[PDB]
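For reference, the structure is listed below as structure tokens.
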Amino acid sequence: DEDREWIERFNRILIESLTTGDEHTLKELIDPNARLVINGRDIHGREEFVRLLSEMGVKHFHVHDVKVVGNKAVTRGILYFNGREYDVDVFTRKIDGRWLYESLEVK
């Protein structure tokens, strides 16, 4: 699906931007009020979102599937880091022809 391919394209930009600390692109990629969900707790703000995801050292972000609903999407995928696989849900919204990251939950 075109929707899955676009999420994958933005995922590649996201992981590279996190790896290199490209703050300008991260600010364009991630909603300022983004939420990171770790062990069921919502952690609020793009600052902590970036800090904690950068700390993880994500080596690859694989998309399992994508469901688009209007201007929003929920993606199930796998983050690879610490030599382990972590299931994640990723929520995005459409903005000016881009996907913006709104929340990510590590299962």
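By order in the structure tokens, chains are A, B, ...; within a chain, residues start at 1; ligands start at 1, following the order shown.
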
Fill in: Which of chain A DSSP labels helix (DSSP H, G or I), written as a PyMOL selection string
chain A and resi 2-20+23-29+46-56

Worksheet item: Near residue A:74, counting only C-alpha atoms, which residues have an atom at most 6 Å away, once you skip same-chain residues fewer than 3 positions from it, shown as a count of residues only?
Response: 4

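Within the 8 Å cut-off around stretch 15-22 of chain A, using only C-alpha atoms and omitting residues fewer than 5 positions from it on the same chain, the listed residues are residues 50, 53, 54, 57, 58, 59, 60 and 61 of chain A.
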
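Residues with any atom within 10 Å of residue A:4, counting only C-alpha atoms and excluding same-chain neighbours fewer than 3 positions away, are residues 1, 7, 8, 9, 63, 64, 65, 66, 67, 68, 73 and 75 of chain A.
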
Residues from last step as file, C-alpha atoms, as a PDB file, in the first residue's frame:
```pdb
ATOM      1  CA  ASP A   1       0.000   0.000   0.000  1.00  0.00           C
ATOM      2  CA  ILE A   7       5.269   5.621   6.788  1.00  0.00           C
ATOM      3  CA  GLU A   8       8.431   3.655   5.989  1.00  0.00           C
ATOM      4  CA  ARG A   9       9.980   6.658   4.232  1.00  0.00           C
ATOM      5  CA  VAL A  63       6.741  -1.744   9.855  1.00  0.00           C
ATOM      6  CA  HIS A  64       4.416  -4.687  10.358  1.00  0.00           C
ATOM      7  CA  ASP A  65       1.217  -2.994   9.170  1.00  0.00           C
ATOM      8  CA  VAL A  66      -0.446   0.416   8.908  1.00  0.00           C
ATOM      9  CA  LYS A  67      -4.092   1.429   9.371  1.00  0.00           C
ATOM     10  CA  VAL A  68      -5.018   4.913   8.133  1.00  0.00           C
ATOM     11  CA  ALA A  73      -2.667   6.391  11.196  1.00  0.00           C
ATOM     12  CA  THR A  75       1.371   1.558  12.726  1.00  0.00           C
TER      13      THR A  75
END
```

Worksheet item: So what do you get for atom CA of residue A:31 versus atom CA of residue A:81, distance-wise?
Response: 23.4 Å

Response to the item:
atom CA of residue A:69 to atom CA of residue A:103 measures 15.3 Å

Determine which residues of stretch 25-106 of chain A DSSP labels as strand (DSSP E) from the backbone of this structure, then write them out as a PDB file with C-alpha atoms, in the first residue's frame.
```pdb
ATOM      1  CA  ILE A  30       7.640  15.049  15.690  1.00  0.00           C
ATOM      2  CA  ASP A  31       4.630  16.796  17.173  1.00  0.00           C
ATOM      3  CA  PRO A  32       5.778  19.134  19.975  1.00  0.00           C
ATOM      4  CA  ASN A  33       3.249  17.432  22.265  1.00  0.00           C
ATOM      5  CA  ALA A  34       4.242  13.919  21.211  1.00  0.00           C
ATOM      6  CA  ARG A  35       3.760  11.150  23.758  1.00  0.00           C
ATOM      7  CA  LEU A  36       6.047   8.204  24.498  1.00  0.00           C
ATOM      8  CA  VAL A  37       4.298   5.276  26.191  1.00  0.00           C
ATOM      9  CA  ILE A  38       6.623   3.072  28.243  1.00  0.00           C
ATOM     10  CA  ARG A  41       2.655   5.337  31.191  1.00  0.00           C
ATOM     11  CA  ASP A  42       2.229   8.335  28.885  1.00  0.00           C
ATOM     12  CA  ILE A  43       5.388  10.486  28.852  1.00  0.00           C
ATOM     13  CA  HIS A  44       4.543  13.917  27.472  1.00  0.00           C
ATOM     14  CA  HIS A  60      16.118  -0.328  12.684  1.00  0.00           C
ATOM     15  CA  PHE A  61      12.381   0.406  12.721  1.00  0.00           C
ATOM     16  CA  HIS A  62      10.381  -2.241  10.845  1.00  0.00           C
ATOM     17  CA  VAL A  63       6.741  -1.744   9.855  1.00  0.00           C
ATOM     18  CA  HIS A  64       4.416  -4.687  10.358  1.00  0.00           C
ATOM     19  CA  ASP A  65       1.217  -2.994   9.170  1.00  0.00           C
ATOM     20  CA  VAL A  66      -0.446   0.416   8.908  1.00  0.00           C
ATOM     21  CA  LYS A  67      -4.092   1.429   9.371  1.00  0.00           C
ATOM     22  CA  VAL A  68      -5.018   4.913   8.133  1.00  0.00           C
ATOM     23  CA  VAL A  69      -8.116   6.644   9.508  1.00  0.00           C
ATOM     24  CA  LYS A  72      -4.415   9.740  11.384  1.00  0.00           C
ATOM     25  CA  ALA A  73      -2.667   6.391  11.196  1.00  0.00           C
ATOM     26  CA  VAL A  74      -1.673   3.658  13.620  1.00  0.00           C
ATOM     27  CA  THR A  75       1.371   1.558  12.726  1.00  0.00           C
ATOM     28  CA  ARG A  76       2.408  -1.696  14.344  1.00  0.00           C
ATOM     29  CA  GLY A  77       6.095  -2.365  14.038  1.00  0.00           C
ATOM     30  CA  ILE A  78       9.324  -3.512  15.616  1.00  0.00           C
ATOM     31  CA  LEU A  79      12.179  -1.463  17.033  1.00  0.00           C
ATOM     32  CA  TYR A  80      15.540  -3.254  16.980  1.00  0.00           C
ATOM     33  CA  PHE A  81      18.028  -2.241  19.672  1.00  0.00           C
ATOM     34  CA  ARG A  84      16.453  -7.386  21.048  1.00  0.00           C
ATOM     35  CA  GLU A  85      13.167  -6.816  19.229  1.00  0.00           C
ATOM     36  CA  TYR A  86      10.502  -4.554  20.740  1.00  0.00           C
ATOM     37  CA  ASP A  87       6.928  -4.366  19.504  1.00  0.00           C
ATOM     38  CA  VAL A  88       5.698  -0.792  19.103  1.00  0.00           C
ATOM     39  CA  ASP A  89       2.563   1.096  18.140  1.00  0.00           C
ATOM     40  CA  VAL A  90       3.251   4.372  16.302  1.00  0.00           C
ATOM     41  CA  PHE A  91       0.602   7.063  15.828  1.00  0.00           C
ATOM     42  CA  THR A  92       1.044   9.657  13.077  1.00  0.00           C
ATOM     43  CA  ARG A  93      -1.013  12.442  11.559  1.00  0.00           C
ATOM     44  CA  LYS A  94      -0.968  14.052   8.134  1.00  0.00           C
ATOM     45  CA  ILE A  95       0.350  17.606   7.944  1.00  0.00           C
ATOM     46  CA  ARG A  98       3.975  14.843   5.512  1.00  0.00           C
ATOM     47  CA  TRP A  99       3.482  12.396   8.339  1.00  0.00           C
ATOM     48  CA  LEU A 100       4.023  13.845  11.816  1.00  0.00           C
ATOM     49  CA  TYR A 101       4.821  11.519  14.726  1.00  0.00           C
ATOM     50  CA  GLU A 102       2.277  11.959  17.534  1.00  0.00           C
ATOM     51  CA  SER A 103       2.943   9.022  19.863  1.00  0.00           C
ATOM     52  CA  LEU A 104       4.930   5.801  20.134  1.00  0.00           C
ATOM     53  CA  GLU A 105       4.203   2.980  22.573  1.00  0.00           C
ATOM     54  CA  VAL A 106       6.731   0.267  23.381  1.00  0.00           C
TER      55      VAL A 106
END
```

Worksheet item: In Å to one decimal, how far is atom CA of residue A:45 from atom CA of residue A:28?
Response: 14.2 Å

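When only C-alpha atoms are used to compute distances to residue A:82, the closest of the residues A:13, A:27, A:55, A:47 turns out to be A:55.
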